[PDB]
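**Q** The following block contains the structure, expressed as structure tokens.
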Amino acid sequence: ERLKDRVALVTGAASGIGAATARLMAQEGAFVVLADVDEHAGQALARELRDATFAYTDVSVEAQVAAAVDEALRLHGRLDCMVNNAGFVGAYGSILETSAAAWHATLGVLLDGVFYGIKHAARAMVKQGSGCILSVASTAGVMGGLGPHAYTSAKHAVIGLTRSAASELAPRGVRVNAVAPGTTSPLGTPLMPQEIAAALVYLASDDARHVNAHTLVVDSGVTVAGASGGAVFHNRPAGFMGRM
Amino acid sequence: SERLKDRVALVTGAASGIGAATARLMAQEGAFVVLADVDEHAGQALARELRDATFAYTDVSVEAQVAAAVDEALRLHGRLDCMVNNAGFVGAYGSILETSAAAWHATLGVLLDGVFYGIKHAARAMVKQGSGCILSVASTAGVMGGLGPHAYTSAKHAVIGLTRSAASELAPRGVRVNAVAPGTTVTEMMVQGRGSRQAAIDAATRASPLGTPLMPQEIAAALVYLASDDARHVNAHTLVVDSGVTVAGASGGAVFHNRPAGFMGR
């Protein structure tokens, strides 16, 4: 029970990483406000979890993000943890043919939603003098070639906004961090949404009170330690090239 | 054209590969070049080829020899403007389970200790001048794992850290410290012999997302850029020359971009 009586708001909570995070935070003792556009699935999960409630929220619409934060405050009087999460990809294909409309629609969810979430959650938290704002980015936020163009730009932007927001909010007592799931392994076993949930709970816990502006990467080491490419150097009888 | 006119450069590993290409280009850009290497025949031959170049036998794993090469540059030319810590050297490879301490230490002696000695002694000459540029040839293996052997990768990461650390001391003294990170292939590392030149060109071709091979002259040009007055506010930087592999993926890893443009989601 690492989040006993904490109040968490999780966006995109009706499926994937968002649902796994709502479940795990509830299991860890939090009061969870589930925000999503899937009303039927969102309500079903709210019924399943103890003391959770659902709030229809399209994170591309600032007023709805503000209203979700406000509803969390109306129900519980405080907000301890904000999770900016979306199970969404958006525009794909060649940069030569990506329309401005597809570009803007993608950034509206993947970037504006994070900005609105940080803005309005921070408004609630700076009054408390405490709080944790967490965004589900992606390894496409740390390097290219791992996702579509708009996806990769938005996710890099989310890491930049995470770091920038942390620099304003840290002296106010508020931490801002991101988790970067892989686009999924060198370890041979599949990455599950529950593991991303567990990374978010770690970051929200008091254990992580000095983890700030950090991007916690969960990708089996692909972005910094490609295991296939290493084999030509490592998977060999130990030897020495050159003069001893 | 002549971006290093009458500047004095000391280039280690100068008798071949990147070091030789750098010595040639810096001489062409008007610099007085001291060529440092343990290959006497190749080193002396290159010194005879280049105008105003001289050879100075230098094993960079031995601090005293690095210091003596700097002193030789000062004795001959009265100043040192640019130091290039370069080694055409790989060392230990294969499984970490059976990598000996001796192989570990031999590798780091060349690839890391040699850079420390070069920064230390070049900086001693340069802080007196109030100017100078210290450059180290690292590698993409200094920026991430999976691109070279274990000792190589650790040493090259350490070189980038020492580059940044030294820059934080030496910047207010007027001395810049930077690194270049060429891409490499295992063929260039492993393949030696009489056809080794073309094998490395082939390997570099298939490895580049741009489809063309990285040549030593291009790293020489990156180093000359960093030593030039154009780069006087480029400091502690790692200039990566790898066709984008470390930050945009290996060749063929992003064919999904060529799918017909579409939109998925709400």
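For the structure tokens, the naming scheme is as follows: chains receive sequential letters (A, B, ...) according to their order of presentation, residues are indexed from 1 within each chain, and ligands are indexed from 1 in presentation order.
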Please check the contacts: residues of chain B at most 9 Å away from chain A, using only C-alpha atoms, listed as a count of residues only.

**A** 46

**Q** So that I can see what lies close to residue 173 of chain A, please list as number ranges by chain the residues with an atom at most 10 Å from it, counting only C-alpha atoms and leaving out residues fewer than 6 positions away in the same chain.

**A** A: 125-132, 166, 209

**Q** Where does DSSP see strand (DSSP E) in segment 23-78 of chain A, if you list the residues as JSON, numbers by chain?

**A** {"A": [31, 32, 33, 34, 35, 36, 53, 54, 55, 56]}

**Q** Would you mind listing what lies within 9 Å of segment 237-241 of chain B as a VMD selection string, with only C-alpha atoms counted and same-chain residues fewer than 5 positions away left out?

**A** chain B and resid 138 to 140 143 160 163 to 164 177 to 183 214 218 to 219 222 to 223 226 246

**Q** What's the 10 Å shell around residue 170 of chain B, counting only C-alpha atoms, without same-chain residues fewer than 2 positions away, as JSON, numbers by chain?

**A** {"B": [123, 126, 127, 130, 131, 132, 165, 166, 167, 168, 172, 173, 174, 175, 176, 177]}

**Q** State, in Å with one decimal place, the distance from atom CA of residue 81 of chain A to atom CA of residue 203 of chain A.

**A**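 Distance between the two atoms: 9.9 Å.
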
**Q** If you run DSSP on this backbone, which residues of segment 165-258 of chain B come out as alpha helix (DSSP H), and could you give them as number ranges by chain?

**A** B: 165-170, 186-190, 196-207, 216-227, 245-248

**Q** Mind checking which residues fall within 8 Å of residue 185 of chain A, counting only C-alpha atoms, ignoring those fewer than 3 positions away in the same chain, and posting them as a ChimeraX atom specification?

**A** /A:188-191,219-220,222

**Q** Those same residues, written as an mmCIF file, in the first residue's frame with N, CA and C atoms?

**A**
data_model
loop_
_atom_site.group_PDB
_atom_site.id
_atom_site.type_symbol
_atom_site.label_atom_id
_atom_site.label_comp_id
_atom_site.auth_asym_id
_atom_site.auth_seq_id
_atom_site.Cartn_x
_atom_site.Cartn_y
_atom_site.Cartn_z
ATOM 1 N N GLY A 188 13.852 -11.478 -24.130
ATOM 2 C CA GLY A 188 13.102 -12.615 -24.628
ATOM 3 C C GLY A 188 11.668 -12.725 -24.156
ATOM 4 N N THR A 189 11.251 -11.927 -23.174
ATOM 5 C CA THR A 189 9.897 -11.972 -22.639
ATOM 6 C C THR A 189 9.157 -10.664 -22.944
ATOM 7 N N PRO A 190 7.828 -10.703 -23.095
ATOM 8 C CA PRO A 190 7.100 -9.508 -23.551
ATOM 9 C C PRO A 190 6.786 -8.507 -22.444
ATOM 10 N N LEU A 191 6.959 -7.230 -22.785
ATOM 11 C CA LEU A 191 6.620 -6.130 -21.891
ATOM 12 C C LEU A 191 5.103 -5.996 -21.729
ATOM 13 N N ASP A 219 12.414 -0.620 -21.680
ATOM 14 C CA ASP A 219 12.429 -1.118 -23.052
ATOM 15 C C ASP A 219 13.406 -2.274 -23.262
ATOM 16 N N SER A 220 13.805 -2.967 -22.195
ATOM 17 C CA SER A 220 14.756 -4.078 -22.248
ATOM 18 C C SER A 220 16.122 -3.651 -22.774
ATOM 19 N N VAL A 222 16.821 -1.566 -25.461
ATOM 20 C CA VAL A 222 16.970 -1.470 -26.914
ATOM 21 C C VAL A 222 17.586 -0.133 -27.324
#

**Q** Which residue, A:121, A:17, A:158, A:25, has the smallest gap to residue 70 of chain A when you use only C-alpha atoms?

**A**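 The closest residue to residue 70 of chain A is A:121.
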
**Q** Between A:133, A:213, A:26, A:9, which is the closest to residue 167 of chain A once you count only C-alpha atoms?

**A**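 Distance minimum relative to residue 167 of chain A lands on A:213.
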
**Q** Please list as a list in words every residue within 12 Å of residue 66 of chain A, counting only C-alpha atoms and excluding residues in the same chain fewer than 4 positions away.

**A**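 Residues meeting the cut-off are residues 9, 35, 55, 56, 57, 58, 59, 60, 61, 62, 70, 71, 72, 73, 82, 113, 114, 115, 116, 117, 118, 119, 120, 121, 122, 123 and 124 of chain A.
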
**Q** Got time to write the residues from that selection, N, CA and C atoms, as a CSV table (one decimal), in the first residue's frame?

**A**
chain,number,residue,atom,x,y,z
A,9,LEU,N,-5.3,10.8,-10.5
A,9,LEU,CA,-6.1,11.0,-11.8
A,9,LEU,C,-5.3,10.4,-12.9
A,35,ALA,N,-10.1,8.8,-16.2
A,35,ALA,CA,-10.5,9.7,-17.2
A,35,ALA,C,-10.2,9.1,-18.6
A,55,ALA,N,-14.6,9.8,-15.2
A,55,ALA,CA,-14.9,11.2,-15.7
A,55,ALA,C,-14.6,11.3,-17.1
A,56,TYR,N,-15.6,11.4,-18.0
A,56,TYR,CA,-15.4,11.5,-19.4
A,56,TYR,C,-14.4,12.6,-19.7
A,57,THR,N,-13.3,12.3,-20.4
A,57,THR,CA,-12.2,13.3,-20.6
A,57,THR,C,-11.6,13.0,-21.9
A,58,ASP,N,-11.7,14.0,-22.9
A,58,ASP,CA,-10.9,14.0,-24.1
A,58,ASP,C,-9.7,15.0,-23.8
A,59,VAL,N,-8.5,14.4,-23.6
A,59,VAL,CA,-7.4,15.2,-23.2
A,59,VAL,C,-7.0,16.3,-24.2
A,60,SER,N,-7.5,16.2,-25.5
A,60,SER,CA,-7.2,17.2,-26.4
A,60,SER,C,-8.0,18.5,-26.2
A,61,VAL,N,-9.0,18.5,-25.2
A,61,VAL,CA,-9.8,19.6,-24.9
A,61,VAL,C,-9.5,20.1,-23.5
A,62,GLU,N,-8.9,21.3,-23.5
A,62,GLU,CA,-8.4,21.7,-22.2
A,62,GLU,C,-9.4,21.8,-21.1
A,70,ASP,N,-10.8,19.3,-11.5
A,70,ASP,CA,-11.8,19.9,-10.6
A,70,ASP,C,-12.7,18.8,-10.0
A,71,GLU,N,-13.1,17.8,-10.8
A,71,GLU,CA,-13.9,16.8,-10.2
A,71,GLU,C,-13.1,16.0,-9.2
A,72,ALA,N,-11.9,15.7,-9.4
A,72,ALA,CA,-11.0,15.0,-8.4
A,72,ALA,C,-11.0,15.8,-7.1
A,73,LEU,N,-10.9,17.2,-7.2
A,73,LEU,CA,-10.9,18.0,-6.0
A,73,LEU,C,-12.2,18.0,-5.4
A,82,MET,N,-1.0,12.9,-10.9
A,82,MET,CA,-1.6,13.1,-12.2
A,82,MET,C,-0.8,12.2,-13.2
A,113,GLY,N,-2.5,17.4,-24.7
A,113,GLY,CA,-3.1,16.8,-23.5
A,113,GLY,C,-2.1,16.8,-22.3
A,114,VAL,N,-0.9,16.6,-22.6
A,114,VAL,CA,0.1,16.6,-21.5
A,114,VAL,C,0.3,18.0,-20.9
A,115,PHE,N,0.4,19.0,-21.8
A,115,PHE,CA,0.4,20.4,-21.4
A,115,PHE,C,-0.8,20.8,-20.5
A,116,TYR,N,-2.0,20.4,-21.0
A,116,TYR,CA,-3.2,20.7,-20.2
A,116,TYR,C,-3.2,20.0,-18.9
A,117,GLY,N,-2.7,18.7,-18.9
A,117,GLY,CA,-2.6,18.0,-17.6
A,117,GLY,C,-1.7,18.6,-16.6
A,118,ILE,N,-0.5,19.0,-17.1
A,118,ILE,CA,0.5,19.5,-16.2
A,118,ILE,C,0.0,20.9,-15.7
A,119,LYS,N,-0.5,21.7,-16.6
A,119,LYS,CA,-1.0,23.0,-16.2
A,119,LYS,C,-2.1,22.9,-15.1
A,120,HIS,N,-3.1,22.1,-15.3
A,120,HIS,CA,-4.2,22.1,-14.3
A,120,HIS,C,-3.9,21.3,-13.1
A,121,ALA,N,-3.2,20.2,-13.2
A,121,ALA,CA,-2.8,19.4,-12.0
A,121,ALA,C,-1.9,20.3,-11.2
A,122,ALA,N,-1.0,21.0,-11.8
A,122,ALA,CA,0.0,21.8,-11.0
A,122,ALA,C,-0.8,22.9,-10.3
A,123,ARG,N,-1.8,23.5,-10.9
A,123,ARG,CA,-2.6,24.5,-10.2
A,123,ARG,C,-3.2,23.9,-8.8
A,124,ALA,N,-3.6,22.6,-8.9
A,124,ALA,CA,-4.1,22.0,-7.6
A,124,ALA,C,-3.0,21.7,-6.7

**Q** Provide the atom CA of residue 68 of chain A to atom CA of residue 208 of chain A distance in Å, to one decimal place.

**A**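 Between these atoms lies a distance of 25.3 Å.
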
**Q** Find the residues near residue 23 of chain A: any atom within 8 Å, counting only C-alpha atoms, skip ones fewer than 4 places away on the same chain, and give them as number ranges by chain.

**A** A: 19, 27, 49

**Q** Now that the selection is made, can you save its residues with N, CA, C and O atoms as a short mmCIF file (atom, residue, chain, number, x, y, z; two decimals), in the first residue's frame?

**A**
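What ended up in again_13.cif:
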data_model
loop_
_atom_site.label_atom_id
_atom_site.label_comp_id
_atom_site.auth_asym_id
_atom_site.auth_seq_id
_atom_site.Cartn_x
_atom_site.Cartn_y
_atom_site.Cartn_z
N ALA A 19 -5.43 1.58 -17.87
CA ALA A 19 -6.20 0.68 -17.02
C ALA A 19 -5.30 -0.05 -16.03
O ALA A 19 -5.67 -0.25 -14.87
N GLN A 27 -5.03 -0.81 -6.12
CA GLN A 27 -4.50 -1.88 -5.28
C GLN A 27 -3.51 -1.34 -4.26
O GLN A 27 -3.46 -1.83 -3.13
N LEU A 49 -13.14 -1.25 -9.55
CA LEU A 49 -12.17 -0.79 -8.56
C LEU A 49 -12.87 -0.11 -7.39
O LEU A 49 -13.80 0.68 -7.57
#
